[PDB]
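To start, the structure under review is shown below, and the notes come after it.
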Amino acid sequence: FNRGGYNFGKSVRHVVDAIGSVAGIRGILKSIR
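Mapping of the sequence shown onto the authors' numbering: position 25 corresponds to residue 25, and the numbering continues sequentially without gaps.
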């Protein structure tokens, strides 16, 4: 590993995009069921 997982900044950057990735995951999820 690198960050370890106990981070609280980098991962936030990834999750941050997740907040918007929902439209490209949750929205498309309706196509996955």
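Where a beta carbon is used, it is the ideal one built from N, C-alpha and C, also for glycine.
What is the DSSP secondary structure of residue i, reduced to helix, strand or coil?
{"i": "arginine 33", "result": "coil"}
{"i": "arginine 26", "result": "helix"}
{"i": "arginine 13", "result": "helix"}
{"i": "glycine 20", "result": "helix"}
Alpha carbon to alpha carbon, what distance is there between residue j and residue i?
{"i": "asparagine 7", "j": "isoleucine 32", "result": "31 angstroms"}
{"i": "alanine 18", "j": "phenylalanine 1", "result": "21 angstroms"}
{"i": "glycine 9", "j": "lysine 30", "result": "31 angstroms"}
{"i": "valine 12", "j": "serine 21", "result": "13 angstroms"}
{"i": "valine 15", "j": "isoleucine 28", "result": "18 angstroms"}
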